[PDB]
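Chemist: There's a structure below that I have some questions on.
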Amino acid sequence: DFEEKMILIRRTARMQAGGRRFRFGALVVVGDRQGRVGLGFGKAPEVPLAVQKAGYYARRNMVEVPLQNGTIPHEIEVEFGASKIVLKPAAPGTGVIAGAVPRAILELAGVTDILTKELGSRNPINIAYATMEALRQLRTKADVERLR
Amino acid sequence: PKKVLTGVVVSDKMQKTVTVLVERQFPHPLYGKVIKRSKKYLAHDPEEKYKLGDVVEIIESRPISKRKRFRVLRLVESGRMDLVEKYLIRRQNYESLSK
Amino acid sequence: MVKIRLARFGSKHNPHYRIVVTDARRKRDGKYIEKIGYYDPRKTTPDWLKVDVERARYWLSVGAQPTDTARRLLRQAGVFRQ
Amino acid sequence: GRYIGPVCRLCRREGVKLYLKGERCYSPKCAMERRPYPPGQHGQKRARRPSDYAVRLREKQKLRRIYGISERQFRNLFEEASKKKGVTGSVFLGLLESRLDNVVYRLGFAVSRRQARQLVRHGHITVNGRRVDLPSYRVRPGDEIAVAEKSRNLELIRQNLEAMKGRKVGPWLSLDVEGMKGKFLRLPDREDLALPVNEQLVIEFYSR
Amino acid sequence: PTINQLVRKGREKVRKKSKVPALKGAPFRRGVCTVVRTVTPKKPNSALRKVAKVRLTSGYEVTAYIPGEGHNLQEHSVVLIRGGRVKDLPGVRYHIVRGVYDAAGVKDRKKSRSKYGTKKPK
Amino acid sequence: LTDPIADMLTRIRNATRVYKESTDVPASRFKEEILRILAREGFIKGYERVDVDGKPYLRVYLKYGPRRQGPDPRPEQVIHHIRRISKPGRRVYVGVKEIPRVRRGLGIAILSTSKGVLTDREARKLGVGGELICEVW
RNA sequence: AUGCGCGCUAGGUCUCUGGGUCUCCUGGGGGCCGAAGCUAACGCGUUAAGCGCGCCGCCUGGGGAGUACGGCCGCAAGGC
RNA sequence: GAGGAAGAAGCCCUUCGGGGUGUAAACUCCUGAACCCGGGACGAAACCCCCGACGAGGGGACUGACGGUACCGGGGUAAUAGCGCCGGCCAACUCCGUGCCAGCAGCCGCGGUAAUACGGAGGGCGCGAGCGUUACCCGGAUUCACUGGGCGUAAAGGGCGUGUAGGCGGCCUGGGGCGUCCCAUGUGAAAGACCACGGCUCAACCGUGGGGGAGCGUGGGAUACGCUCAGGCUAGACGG
RNA sequence: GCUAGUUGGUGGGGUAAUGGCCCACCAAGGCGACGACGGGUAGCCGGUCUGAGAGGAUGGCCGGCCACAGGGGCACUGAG
Ligand code: SF4
């Protein structure tokens with residue numbers, strides 16, 4: 001299976017004749033706590049539909065991350081538009097030190113000892129994309145050693 | 001040890017006294033850039049032989065005058081008026097900063 | 001005169017002293033010159049008195065003036081056992 | 001000081017059968033048995049989705065209330081635990097398992113950590129001969145703890161040893177029923193501890 | 001900025017204007033009630049804000065807010081003030097501590113009783 | 001021109017991004033050692049001194065990852081990052097106890113020393129500091 | 001509404017101005033579309049808003065107000 | 001403290017069924033804060049005297065405000081809890097009262113008749129002999145961005161050249177070795193901070209010892225970089 | 001823009017002692033955009049709080065230094 005969290009659930013509203021008709025968007029994260037994470041962002045006319053839909057995207061948008069003793073092989077910083085995220089490995093006694101959004105993410109990757117910091121825009125969607133992208137860039141020592 | 005500095009003769013209008021511009025580099029304490037701060041010392045030239053534009057070594061000493069506490073340890077170089085000019089330019093520009 | 005005396009450290013009702021060569025007119029807890037040994041008046045610890053014999057032997061040689069309660073300990077430390 | 005009010009409800013509030021009384025901990029009259037839901041007027045109602053803070057809050061409130069320690073002393077120990085090296089979780093735990101009454105209760109001399117304080121706080125136990133009554137005392141490894149000889153004649157302590165006539169003790173300890181004595185062998189390990197807690201959460205509760 | 005600029009000028013550290021000039025800069029500052037009256041707050045709110053103008057021992061004479069329900073206040077009432085401006089009132093940047101020198105605790109109060117200066121019931 | 005080194009760096013970075021096979025730089029005995037470092041550190045396919053119009057250049061042969069399945073087939077850049085540290089605007093000098101652990105070791109930090117140009121692994125190996133050139137990964 | 005200088009980074013096209021060996025190439029300017037990249041987006045994109053470096057100017061919420069005051073300049077308007 | 005109802009009472013909510021208050025209580029047993037008694041210090045060995053020898057050294061005795069205090073023994077009672085909050089931030093929700101009034105508020109804002117946002121009650125939550133408010137510093141604020149910001153339109157490119165100071169600066173090769181690094185080294189007081197251990201029945205507190213520790217002085221070394229000086233080059237620049 | 005004991009020199013007086021510290025005389029010097037002088041502010045430091053750190057604030061107690069002792073000036077004795 002996979003574990004899953006409803007990170008963000010916002011309602012957007014488009015105006016038209018008659019007035020505002022709403023739509024729900026949802027950030028949903030899905031992982032195994034073993035390096036696998038999926039950032040689902042489904043939107044639909046209703047919460048359970050979007051959430052159900054959102055997790056569906058996450059399961060297909062999975063990405064496995066190279067954990068190392070509960071942390072990451074190196075710190076990283078991703079500029080996702082205005083969201084500037086900074087993550088940083090830590091000792092096994094440290095724990096996860098993050099805003100709610102990425103903490104929710106890394107707690108599903110299996111990460112349990114990580115120092116982070118959100119700079120720039122803290123838009124939870126954009127934050128999440130930078131997080132999933134940063135996880136998409138991590139590399140073990142052997143990987144780079146293979147590259148060189 | 002007595003402090004030893006090396007600057008250029010930038011003024012000798014005073015009897016037995018010459019003005020030595022001491023330039024010292026050092027990193028900025030916060031911005032890490034190495035900056036050049038100059039300084040003028042009125043070393044005691046008892047013979048008034050060191051002339052203008054002469055790179056010399058001055059040394060800490062017992063206070064000769066209110067403004068003097070250094071003597072020329074020895075000459076280092078002469079004919080360095082180019083340095084003196086840059087000083088003269090600086091004090092010259094001060095006229096352009098009035099109101 | 002540069003003297004040798006015990007300054008009070010520790011806390012209320014827990015005296016701890018430093019046999020220390022120091023100028024006389026300093027306050028008794030001010031800046032001393034050389035901590036040349038501590039002292040447990042209450043003897044709570046086994047090695048409740050450890051003083052360097054030689055340095056007192058040095059400072060005495062150079063003109064030290066230990067107070068009686070100090071010289072009580074140097075002899076008790078055996079610095080004078082010559 | 002220590003918590004003094006009703007104690008079943010903390011489990012009902014925590015929603016987990018933490019052990020706080022001894023017998024009624026294990027009775028079918030356990031409050032977790034009959035009403036396994038939070039106390040109060042809104043108790044039975046549909047539990048809402050807990051926030052991150054609430055979860056981590058419940059964790060610390062879970063662990064902390066396991067030991068009755070003040071928030072301060074719990075917090076004080078954390079920084080001391082935090083300043084030390086290694087996995088701060090287990091380090092922070094062993095100190096918690098290094099408390100005098102906790103070692104007492106863990107040694108089985110009391111049917112409840114709350115009651116164990118009474119033994120400590122009433123001087124009914126000596127630490128390596130020294131009759132210590134600091135409930136917050138830290139028992140180091142290889143230390144001997146036994147009932148006061150005057151406390152030896154006490155029947156409740158007998159009743160506790162009556163229970164420990166065949167009951168066992170955690171691997172970091174060593175007990176003598178007939179001697180009424182115990183020895184703290186080593187730092188209790190995280191694996192050794194059966195604490196129903198994700199202290200990792202409790203770490204982050206002080207990371208905020 | 002270029003490093004040479006930061007060396008030539010450097011970052012301009014910014015200070016903060018103290019929001020409570022009257023305290024200056026003490027935590028509390030006693031004063032005497034001069035004009036004990038009411039005020040209608042600005043929009044959107046709508047009410048009769050009990051506002052007093054008090055002169056401080058610090059020489060100033062400013063309007064503070066009167067919390068609670070009802071009050072024994074009046075002109076020439078010795079009063080200790082504190083606190084920050086009520087938002088929905090114009091420039092009423094100080095409170096009047098209930099329980100100090102004239103500010104009798106709100107009678108019949110039962111909640112937040114440490115605020116408003118009420119003694120616990122028997 | 002202000003700093004050739006950052007230029008040769010950026011010449012790499014630009015050449016890296018558009019996936020050039022190699023590039024060239026106006027040669028210099030200083031740069032030549034840096035290039036030796038990256039080749040010695042598997043950061044490049046190597047280099048070679050060449051001339052262009054009577055001006056010696058350096059055909060820096062870049063090394064790339066493999067072609068990547070999915071939307072972007074572009075191979076993953078071997079040099080994910082290259083950034084001059086000590087700049088002409090602000091020089092930087094490192095003691096032994098401040099030579100950074102660039103990227104937890106996956107990166108590197110080339111830095112000039114009185115013992116010549118070296119990597120941070122080398123400097124702590126020799127326990128020496130110097131002007132810190134650039135972090136790379 | 002884009003300070004300057006320099007370097008590198010697909011291209012296509014139009015245009016003006018030189019050189020050549022005149023299919024084409026080589027240069028210097030002026031537009032258009034666009035790779036990578038950048039960008040909040042709009043769009044920028046070898047005439048960067050990309051990648052870098054050196055230097056200077058400048059911003060630190062809106063209004064209050066480019067006003068007050070002061071100072072300088074100005075015949076004045078007024079300017080800084 | 002333990003046991004202690006499918007759960008007293010009261011109160012509150014109610015779908016009228018019951019539920020919460022809650023093992024909470026009462027209740028039984030257990031201990032013993034207090035308190036009573038008695039004993040009761042360390043801190044105090046010196047100065048001093050004698051012997052020695054007016055030395056080393058040895059012997060004698062004196063002195064305690066704290067304080068009859070800590071502390072120890074024996075006996076010994078079940079013996080204070082309050083405060084803030086409960087829309088969201090942020091943890092904890094209903095009823096009643098009021099009805100843009102009263103009031104609350106740090107921001108968002110709540111209040112115009114059913115208010116989880118005001119007042120009361122019940123419940124609950126956070127702390128606990130404390131609990132809040134105010135004042136102020138830092139943080140959050142990467143919101144003065146050195147680390148670690150920006151300027152086409154959000155605030156920001158000066159109207160533009162020229163150039164002063166200043167800043168910065170091509171290749172190669174040497175020399176000095178200035179910054180630069182490194183080593184040794186003195187200093188970097190004590191106390192504080194860290195570490196280890198120890199004494200206070202623990203902790204606070206204190207003691208001991210170790211470590212450090214930017215910075216500077218001192219001597220030595222290196223020359224990659226920048227600097228300086230010297231000599232050459234043509235890729236920049238200028239010129240013809 | 002500041003500065004005429006003002007910068008320096010000579011000689012002298014004073015000093016435990018250098019010193020324009022003071023004095024007489026001679027010269028015109030010295031200070032300043034690397035921010036003089038002016039104003040405002042302030043006891044300084046080890047440290048303390050805060051912070052990831054950088055850094056920011058802070059200097060209560062404690063330890064060191066300085067200044068003051070109703071406000072000003074002045075010396076005497078004195079090793080001080
Ligand atoms: S277990 Fe039984 S006794 Fe222990 S706490 Fe939960 S309810 Fe109270």
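For the structure tokens, the naming scheme is as follows: chains receive sequential letters (A, B, ...) according to their order of presentation, residues are indexed from 1 within each chain, and ligands are indexed from 1 in presentation order.
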Could you find all residues in chain B that DSSP calls helix (DSSP H, G or I) from the backbone, and write them as number ranges by chain?
Modeler: B: 81-97
Chemist: Generate the output file for the selected residues, N, CA and C atoms, as an mmCIF file, in the first residue's frame.
Modeler:
```cif
data_model
loop_
_atom_site.group_PDB
_atom_site.id
_atom_site.type_symbol
_atom_site.label_atom_id
_atom_site.label_comp_id
_atom_site.auth_asym_id
_atom_site.auth_seq_id
_atom_site.Cartn_x
_atom_site.Cartn_y
_atom_site.Cartn_z
ATOM 1 N N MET B 81 56.819 60.374 -5.426
ATOM 2 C CA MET B 81 55.898 61.504 -5.379
ATOM 3 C C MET B 81 54.527 61.142 -5.925
ATOM 4 N N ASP B 82 54.468 60.151 -6.819
ATOM 5 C CA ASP B 82 53.197 59.658 -7.332
ATOM 6 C C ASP B 82 52.240 59.296 -6.205
ATOM 7 N N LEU B 83 52.738 58.601 -5.185
ATOM 8 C CA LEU B 83 51.935 58.367 -3.993
ATOM 9 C C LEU B 83 51.539 59.685 -3.349
ATOM 10 N N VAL B 84 52.498 60.598 -3.223
ATOM 11 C CA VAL B 84 52.230 61.887 -2.601
ATOM 12 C C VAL B 84 51.165 62.636 -3.381
ATOM 13 N N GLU B 85 51.214 62.534 -4.706
ATOM 14 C CA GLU B 85 50.234 63.215 -5.538
ATOM 15 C C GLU B 85 48.835 62.719 -5.231
ATOM 16 N N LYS B 86 48.676 61.400 -5.145
ATOM 17 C CA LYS B 86 47.375 60.836 -4.823
ATOM 18 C C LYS B 86 46.888 61.342 -3.477
ATOM 19 N N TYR B 87 47.798 61.499 -2.516
ATOM 20 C CA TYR B 87 47.418 62.175 -1.286
ATOM 21 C C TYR B 87 47.031 63.617 -1.564
ATOM 22 N N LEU B 88 47.891 64.345 -2.278
ATOM 23 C CA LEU B 88 47.604 65.739 -2.585
ATOM 24 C C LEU B 88 46.293 65.890 -3.327
ATOM 25 N N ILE B 89 45.963 64.929 -4.185
ATOM 26 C CA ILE B 89 44.667 64.951 -4.849
ATOM 27 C C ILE B 89 43.551 64.868 -3.823
ATOM 28 N N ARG B 90 43.683 63.941 -2.873
ATOM 29 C CA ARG B 90 42.644 63.719 -1.875
ATOM 30 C C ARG B 90 42.341 64.995 -1.105
ATOM 31 N N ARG B 91 43.356 65.560 -0.455
ATOM 32 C CA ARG B 91 43.160 66.822 0.243
ATOM 33 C C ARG B 91 42.749 67.926 -0.716
ATOM 34 N N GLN B 92 43.156 67.823 -1.979
ATOM 35 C CA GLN B 92 42.729 68.813 -2.954
ATOM 36 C C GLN B 92 41.233 68.726 -3.198
ATOM 37 N N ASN B 93 40.701 67.509 -3.299
ATOM 38 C CA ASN B 93 39.290 67.343 -3.607
ATOM 39 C C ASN B 93 38.385 67.860 -2.503
ATOM 40 N N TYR B 94 38.903 68.007 -1.283
ATOM 41 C CA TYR B 94 38.076 68.454 -0.170
ATOM 42 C C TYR B 94 37.474 69.825 -0.423
ATOM 43 N N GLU B 95 38.112 70.632 -1.264
ATOM 44 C CA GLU B 95 37.516 71.905 -1.630
ATOM 45 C C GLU B 95 36.235 71.709 -2.425
ATOM 46 N N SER B 96 36.136 70.615 -3.171
ATOM 47 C CA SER B 96 34.968 70.363 -4.001
ATOM 48 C C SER B 96 33.810 69.760 -3.230
ATOM 49 N N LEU B 97 33.903 69.667 -1.913
ATOM 50 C CA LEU B 97 32.874 69.022 -1.115
ATOM 51 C C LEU B 97 32.337 69.970 -0.056
#
```
Chemist: Enumerate residues in contact with ligand 1: an atom-to-atom distance of at most 8 Å, counting only C-alpha atoms (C1' of nucleotides) and all ligand atoms. Format the result as a PyMOL selection string.
Modeler: chain D and resi 7-12+16-27+29-33
Chemist: Output N, CA and C atoms for every residue in the selection just made, as an mmCIF file, in the first residue's frame.
Modeler:
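Result file follows (again36.cif):
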```cif
data_model
loop_
_atom_site.group_PDB
_atom_site.id
_atom_site.type_symbol
_atom_site.label_atom_id
_atom_site.label_comp_id
_atom_site.auth_asym_id
_atom_site.auth_seq_id
_atom_site.Cartn_x
_atom_site.Cartn_y
_atom_site.Cartn_z
ATOM 1 N N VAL D 7 -7.132 10.402 37.471
ATOM 2 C CA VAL D 7 -6.049 9.901 36.648
ATOM 3 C C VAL D 7 -6.523 8.972 35.536
ATOM 4 N N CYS D 8 -7.670 8.306 35.696
ATOM 5 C CA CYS D 8 -8.207 7.497 34.606
ATOM 6 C C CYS D 8 -8.399 8.331 33.351
ATOM 7 N N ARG D 9 -8.919 9.546 33.512
ATOM 8 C CA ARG D 9 -9.358 10.330 32.366
ATOM 9 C C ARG D 9 -8.208 10.706 31.452
ATOM 10 N N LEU D 10 -6.995 10.806 31.991
ATOM 11 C CA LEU D 10 -5.849 11.092 31.142
ATOM 12 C C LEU D 10 -5.684 10.017 30.082
ATOM 13 N N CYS D 11 -5.938 8.763 30.443
ATOM 14 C CA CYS D 11 -5.979 7.721 29.429
ATOM 15 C C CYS D 11 -7.161 7.913 28.498
ATOM 16 N N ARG D 12 -8.336 8.195 29.057
ATOM 17 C CA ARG D 12 -9.485 8.489 28.215
ATOM 18 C C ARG D 12 -9.215 9.702 27.340
ATOM 19 N N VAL D 16 -5.544 6.001 25.306
ATOM 20 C CA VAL D 16 -4.732 4.800 25.419
ATOM 21 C C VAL D 16 -4.656 4.401 26.881
ATOM 22 N N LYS D 17 -4.694 3.092 27.137
ATOM 23 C CA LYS D 17 -4.740 2.570 28.501
ATOM 24 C C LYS D 17 -3.355 2.667 29.135
ATOM 25 N N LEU D 18 -2.932 3.900 29.376
ATOM 26 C CA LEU D 18 -1.740 4.090 30.175
ATOM 27 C C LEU D 18 -2.014 3.589 31.586
ATOM 28 N N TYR D 19 -0.953 3.202 32.271
ATOM 29 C CA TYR D 19 -1.076 2.488 33.531
ATOM 30 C C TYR D 19 -0.715 3.432 34.660
ATOM 31 N N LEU D 20 -1.696 3.721 35.502
ATOM 32 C CA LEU D 20 -1.589 4.821 36.440
ATOM 33 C C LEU D 20 -2.093 4.474 37.829
ATOM 34 N N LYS D 21 -2.620 3.271 38.039
ATOM 35 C CA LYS D 21 -3.187 2.889 39.322
ATOM 36 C C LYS D 21 -2.719 1.542 39.838
ATOM 37 N N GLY D 22 -2.226 0.656 38.986
ATOM 38 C CA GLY D 22 -1.924 -0.685 39.433
ATOM 39 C C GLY D 22 -3.052 -1.651 39.146
ATOM 40 N N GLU D 23 -3.891 -1.915 40.146
ATOM 41 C CA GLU D 23 -4.978 -2.868 39.965
ATOM 42 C C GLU D 23 -5.959 -2.388 38.905
ATOM 43 N N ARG D 24 -6.592 -1.239 39.145
ATOM 44 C CA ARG D 24 -7.583 -0.737 38.203
ATOM 45 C C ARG D 24 -6.967 -0.409 36.850
ATOM 46 N N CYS D 25 -5.642 -0.262 36.782
ATOM 47 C CA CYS D 25 -4.957 -0.331 35.499
ATOM 48 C C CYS D 25 -5.316 -1.614 34.775
ATOM 49 N N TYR D 26 -5.414 -2.714 35.514
ATOM 50 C CA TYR D 26 -5.616 -4.028 34.933
ATOM 51 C C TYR D 26 -6.997 -4.585 35.209
ATOM 52 N N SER D 27 -7.785 -3.918 36.036
ATOM 53 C CA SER D 27 -9.150 -4.351 36.234
ATOM 54 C C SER D 27 -9.945 -4.198 34.944
ATOM 55 N N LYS D 29 -12.579 -2.840 35.424
ATOM 56 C CA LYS D 29 -12.967 -1.496 35.805
ATOM 57 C C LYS D 29 -11.936 -0.451 35.416
ATOM 58 N N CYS D 30 -10.953 -0.803 34.592
ATOM 59 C CA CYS D 30 -10.150 0.211 33.927
ATOM 60 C C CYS D 30 -11.050 1.177 33.185
ATOM 61 N N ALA D 31 -10.785 2.469 33.360
ATOM 62 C CA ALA D 31 -11.583 3.463 32.660
ATOM 63 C C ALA D 31 -11.429 3.328 31.155
ATOM 64 N N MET D 32 -10.253 2.903 30.697
ATOM 65 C CA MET D 32 -10.092 2.624 29.279
ATOM 66 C C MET D 32 -10.950 1.448 28.852
ATOM 67 N N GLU D 33 -11.198 0.509 29.762
ATOM 68 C CA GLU D 33 -12.092 -0.600 29.456
ATOM 69 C C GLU D 33 -13.493 -0.096 29.153
#
```
Chemist: Could you pull the residues within 12 Å of residue 11 of chain G, counting only C-alpha atoms (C1' of nucleotides), minus those fewer than 6 positions along the same chain, as a PyMOL selection string?
Modeler: chain G and resi 33-36+45-46
Chemist: For the selection you just gave me, I'd like the residues written to a file as a PDB file, in the first residue's frame, keeping C-alpha atoms (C1' of nucleotides).
Modeler:
```
ATOM      1  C1'   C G  33      10.090  34.743 -33.866  1.00  0.00           C
ATOM      2  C1'   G G  34      12.137  31.805 -30.801  1.00  0.00           C
ATOM      3  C1'   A G  35      16.547  26.842 -27.882  1.00  0.00           C
ATOM      4  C1'   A G  36      18.401  26.522 -23.098  1.00  0.00           C
ATOM      5  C1'   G G  45      15.824  35.728 -24.961  1.00  0.00           C
ATOM      6  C1'   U G  46      23.656  36.868 -28.816  1.00  0.00           C
TER       7        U G  46
END
```
Chemist: Among the residues of segment 17-56 of chain E, find those DSSP assigns to strand (DSSP E or B) from the backbone and print them as a ChimeraX atom specification.
Modeler: /E:29-39,49-56
Chemist: Keeping only N, CA and C atoms, write those residues as a PDB file, in the first residue's frame.
Modeler:
```
ATOM      1  N   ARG E  29       2.187  53.147  33.789  1.00  0.00           N
ATOM      2  CA  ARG E  29       2.411  54.546  34.130  1.00  0.00           C
ATOM      3  C   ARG E  29       1.112  55.125  34.661  1.00  0.00           C
ATOM      4  N   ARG E  30       1.113  55.491  35.936  1.00  0.00           N
ATOM      5  CA  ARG E  30      -0.081  56.002  36.588  1.00  0.00           C
ATOM      6  C   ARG E  30      -0.457  57.376  36.050  1.00  0.00           C
ATOM      7  N   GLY E  31      -1.754  57.671  36.088  1.00  0.00           N
ATOM      8  CA  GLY E  31      -2.268  58.964  35.672  1.00  0.00           C
ATOM      9  C   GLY E  31      -3.612  59.206  36.318  1.00  0.00           C
ATOM     10  N   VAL E  32      -4.142  60.406  36.099  1.00  0.00           N
ATOM     11  CA  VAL E  32      -5.416  60.821  36.676  1.00  0.00           C
ATOM     12  C   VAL E  32      -6.438  60.986  35.566  1.00  0.00           C
ATOM     13  N   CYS E  33      -7.615  60.403  35.766  1.00  0.00           N
ATOM     14  CA  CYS E  33      -8.687  60.506  34.787  1.00  0.00           C
ATOM     15  C   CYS E  33      -9.201  61.933  34.723  1.00  0.00           C
ATOM     16  N   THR E  34      -9.163  62.527  33.530  1.00  0.00           N
ATOM     17  CA  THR E  34      -9.738  63.848  33.316  1.00  0.00           C
ATOM     18  C   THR E  34     -11.104  63.773  32.649  1.00  0.00           C
ATOM     19  N   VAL E  35     -11.169  63.193  31.466  1.00  0.00           N
ATOM     20  CA  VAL E  35     -12.387  63.193  30.669  1.00  0.00           C
ATOM     21  C   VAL E  35     -12.834  61.744  30.542  1.00  0.00           C
ATOM     22  N   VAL E  36     -13.700  61.315  31.454  1.00  0.00           N
ATOM     23  CA  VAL E  36     -14.288  59.986  31.400  1.00  0.00           C
ATOM     24  C   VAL E  36     -15.551  60.105  30.558  1.00  0.00           C
ATOM     25  N   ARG E  37     -15.476  59.661  29.309  1.00  0.00           N
ATOM     26  CA  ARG E  37     -16.609  59.766  28.405  1.00  0.00           C
ATOM     27  C   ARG E  37     -16.683  58.500  27.568  1.00  0.00           C
ATOM     28  N   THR E  38     -17.497  58.546  26.523  1.00  0.00           N
ATOM     29  CA  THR E  38     -17.647  57.436  25.602  1.00  0.00           C
ATOM     30  C   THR E  38     -17.197  57.864  24.219  1.00  0.00           C
ATOM     31  N   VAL E  39     -17.012  56.873  23.358  1.00  0.00           N
ATOM     32  CA  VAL E  39     -16.623  57.107  21.976  1.00  0.00           C
ATOM     33  C   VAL E  39     -17.261  56.028  21.121  1.00  0.00           C
ATOM     34  N   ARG E  49     -17.839  53.084  22.900  1.00  0.00           N
ATOM     35  CA  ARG E  49     -16.608  52.730  23.589  1.00  0.00           C
ATOM     36  C   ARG E  49     -16.376  53.667  24.762  1.00  0.00           C
ATOM     37  N   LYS E  50     -16.242  53.094  25.953  1.00  0.00           N
ATOM     38  CA  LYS E  50     -15.967  53.864  27.161  1.00  0.00           C
ATOM     39  C   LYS E  50     -14.492  54.231  27.158  1.00  0.00           C
ATOM     40  N   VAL E  51     -14.188  55.464  26.778  1.00  0.00           N
ATOM     41  CA  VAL E  51     -12.816  55.927  26.639  1.00  0.00           C
ATOM     42  C   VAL E  51     -12.591  57.099  27.574  1.00  0.00           C
ATOM     43  N   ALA E  52     -11.450  57.092  28.248  1.00  0.00           N
ATOM     44  CA  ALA E  52     -11.069  58.160  29.157  1.00  0.00           C
ATOM     45  C   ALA E  52      -9.783  58.803  28.669  1.00  0.00           C
ATOM     46  N   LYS E  53      -9.671  60.109  28.870  1.00  0.00           N
ATOM     47  CA  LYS E  53      -8.444  60.842  28.594  1.00  0.00           C
ATOM     48  C   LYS E  53      -7.777  61.155  29.921  1.00  0.00           C
ATOM     49  N   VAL E  54      -6.600  60.586  30.132  1.00  0.00           N
ATOM     50  CA  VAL E  54      -5.888  60.695  31.394  1.00  0.00           C
ATOM     51  C   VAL E  54      -4.552  61.370  31.149  1.00  0.00           C
ATOM     52  N   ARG E  55      -4.138  62.198  32.098  1.00  0.00           N
ATOM     53  CA  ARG E  55      -2.813  62.790  32.070  1.00  0.00           C
ATOM     54  C   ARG E  55      -1.863  61.911  32.863  1.00  0.00           C
ATOM     55  N   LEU E  56      -0.709  61.627  32.282  1.00  0.00           N
ATOM     56  CA  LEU E  56       0.234  60.699  32.878  1.00  0.00           C
ATOM     57  C   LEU E  56       1.148  61.415  33.857  1.00  0.00           C
TER      58      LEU E  56
END
```
Chemist: With only C-alpha atoms (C1' of nucleotides) considered, list every residue of chain G at most 12 Å from chain E, as a PyMOL selection string.
Modeler: chain G and resi 53-60
Chemist: Using only C-alpha atoms (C1' of nucleotides), find each residue in chain H having at least one atom no more than 10 Å away from chain F; report its shortest atom-to-atom pair and that distance in Å (one decimal), rows by chain then rising number, as JSON lines.
Modeler:
```
{"residue": "H:167", "atom": "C1'", "partner": "F:89", "partner_atom": "CA", "distance": 8.5}
{"residue": "H:168", "atom": "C1'", "partner": "F:88", "partner_atom": "CA", "distance": 7.1}
{"residue": "H:169", "atom": "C1'", "partner": "F:2", "partner_atom": "CA", "distance": 5.5}
{"residue": "H:170", "atom": "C1'", "partner": "F:1", "partner_atom": "CA", "distance": 7.8}
{"residue": "H:171", "atom": "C1'", "partner": "F:28", "partner_atom": "CA", "distance": 7.1}
{"residue": "H:172", "atom": "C1'", "partner": "F:28", "partner_atom": "CA", "distance": 8.9}
{"residue": "H:180", "atom": "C1'", "partner": "F:130", "partner_atom": "CA", "distance": 6.6}
{"residue": "H:181", "atom": "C1'", "partner": "F:129", "partner_atom": "CA", "distance": 5.2}
{"residue": "H:182", "atom": "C1'", "partner": "F:128", "partner_atom": "CA", "distance": 6.1}
{"residue": "H:222", "atom": "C1'", "partner": "F:114", "partner_atom": "CA", "distance": 5.3}
{"residue": "H:223", "atom": "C1'", "partner": "F:114", "partner_atom": "CA", "distance": 5.1}
{"residue": "H:224", "atom": "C1'", "partner": "F:116", "partner_atom": "CA", "distance": 4.2}
{"residue": "H:225", "atom": "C1'", "partner": "F:112", "partner_atom": "CA", "distance": 6.0}
{"residue": "H:226", "atom": "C1'", "partner": "F:91", "partner_atom": "CA", "distance": 8.1}
{"residue": "H:234", "atom": "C1'", "partner": "F:55", "partner_atom": "CA", "distance": 8.9}
{"residue": "H:235", "atom": "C1'", "partner": "F:55", "partner_atom": "CA", "distance": 6.4}
{"residue": "H:236", "atom": "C1'", "partner": "F:1", "partner_atom": "CA", "distance": 7.8}
```
Chemist: Check which residues of chain F sit at most 6 Å from chain A using only C-alpha atoms, and return one row each with the closest pair of atoms and their distance in Å to one decimal, ordered by chain and rising number, as CSV.
Modeler:
```
residue,atom,partner,partner_atom,distance
F:42,CA,A:148,CA,4.6
F:103,CA,A:74,CA,5.7
F:104,CA,A:74,CA,5.6
```
Chemist: With C-alpha atoms kept, could you save the residues just selected as a PDB file, in the first residue's frame?
Modeler:
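Dumped everything to out_12.pdb:
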```pdb
ATOM      1  CA  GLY F  42      36.060  12.957 -12.695  1.00  0.00           C
ATOM      2  CA  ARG F 103      27.801  19.075  -0.102  1.00  0.00           C
ATOM      3  CA  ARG F 104      28.678  16.553   2.625  1.00  0.00           C
TER       4      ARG F 104
END
```
Chemist: Find the spatial neighbours of residue 45 of chain E, counting only C-alpha atoms (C1' of nucleotides), within a cut-off of 10 Å - ignore same-chain residues fewer than 2 positions away - and output them as a PyMOL selection string.
Modeler: (chain E and resi 40-43+47-48+88-89) or (chain H and resi 100+109-111)
Chemist: When the cut-off is 12 Å and we count only C-alpha atoms (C1' of nucleotides), which residues of chain I are near chain C, given as a list in words?
Modeler: residues 62, 63, 64 and 65 of chain I
